[PDB]
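Okay, here we've got a single chain as structure tokens, the form deposited in one PDB entry, with questions on binding and movement later.
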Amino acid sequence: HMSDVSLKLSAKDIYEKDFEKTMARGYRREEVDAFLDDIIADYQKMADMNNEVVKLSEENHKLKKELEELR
């Protein structure tokens, strides 16, 4: 569908992501992992919105048609 958006990542991609570890100055893993868990919850919430836009668009079209068919 034309309305479809294409995300770079998915909930599962982020959940599976394995960063290189270093003994150089890097990021505390526990803080990055905890932040990604919130991000995963957000991706999951939004995952079906391509379909939700199509459905709303299609009902929108039907309703406008009924209305015009009155007047």
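Numbering starts at 1 and follows the sequence shown. Shifts are known only where both forms have a C-alpha. Rigid core: the largest C-alpha set superposing within 1.5 Å between the two forms.
- As recorded in the PDB entry, 49-57 is the stretch of 18-26 and 49-57 with the greater mean C-alpha temperature factor.
The form solved in complex with a partner chain exists for this protein as well; it is not shown, and the discussion that follows is about that form.
- Relative to the superposed core, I14 undergoes a Cα shift smaller than 2 Å between this form and the one not shown.
- Superposition on the rigid core leaves 48-71 as the sole run of at least three consecutive shared residues whose Cα positions differ by 2 Å or more between this form and the one not shown.
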